[PDB]
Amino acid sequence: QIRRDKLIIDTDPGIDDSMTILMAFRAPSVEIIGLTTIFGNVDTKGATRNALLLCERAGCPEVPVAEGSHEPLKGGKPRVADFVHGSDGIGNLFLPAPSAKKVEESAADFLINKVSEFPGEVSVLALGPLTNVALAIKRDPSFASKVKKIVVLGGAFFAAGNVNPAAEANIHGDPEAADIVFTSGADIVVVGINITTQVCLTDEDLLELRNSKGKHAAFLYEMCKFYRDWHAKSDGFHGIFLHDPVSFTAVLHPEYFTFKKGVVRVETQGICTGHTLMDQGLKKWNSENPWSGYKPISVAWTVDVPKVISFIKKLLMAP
């Protein structure tokens, strides 16, 4: 009935990625044109397996799943967040293998091809390390102008990281890729954990979800048991933060946030590897520095927490 905006989700499912993907398949204003997978919460092969299973669970096994890079741009087999998302990446449910199969092309080929087929039409929601997006940008200098918005869940702006004091997980997963994306000149919107740690579902909210008429309520509640237990052990919070679902909310309802423009750079070496730092442009520097001359991006600054929670709950609890 209503106009659908084309969206590619680049993801490492992942418990909150899974919640976001299932919400996105239910959003009537969205047309998911594909899922592109990356490592982080689980190895890339595990992320592809979960993405194919989510397409089957949502009743859309025809939605293409394109497998991305198995390692960051600097190389090396990545250590994955199995202590947060379980050994299978979805809270240790150990589900049977999907029947649907991934497409032949890589995530980077898929991103380039779709953006070239529908110029200015396709937005990218990046929910994991930015390796595939950086590969597309490096391979295609016209990608930045052809893509619509790139909404990124990543970074920690003037706030503690979540892998260590300096870095947020997605950026730490591939700092070089994040620096390439943020300096690409594309229309980028970054939602850091400085924003998403303000948006939580309590144990009571999780029980409300389990008791709801939500299409995937049972599955969402089961995955969230492991996820909630990690938040209790590590952050001392009884419930879960909503990271990937808040970035999806910034795609559909940017009016629930305020944004600041600024050049963003990523530290790629030393103790602060993975740190994201924005130059707001409020001070005139005496000399040039690593933030000089780049095109600024939009950084989520404040969030209307009740409006975001209401929107997420509505999609999760929808029959």
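The first residue of the shown sequence is 1; numbering continues from there.
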{"property": "Mean C-alpha temperature factor, higher of 132-140 and 171-179", "result": "132-140"}
{"property": "Higher-scoring stretch by recorded Cα B factor average, 46-54 or 60-68", "result": "60-68"}
{"property": "Peak C-alpha temperature factor (PDB record), options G270, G293, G274, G34", "result": "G293"}
{"property": "Candidate residues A250, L282, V263, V266, the one whose C-alpha B factor the record puts highest", "result": "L282"}
{"property": "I309 - Cα temperature factor, lowest/middle/highest third of chain", "result": "highest"}
{"property": "Chain third (lowest, middle, highest) by recorded CA B-factor, residue given as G214", "result": "highest"}
{"property": "Relative C-alpha B-factor of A100, binned into the chain's lowest, middle or highest third", "result": "highest"}
{"property": "Entry-reported Cα temperature factor of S116, expressed as the chain third it lands in", "result": "highest"}
{"property": "Ranked against its chain, the third holding the CA B-factor of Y221", "result": "highest"}
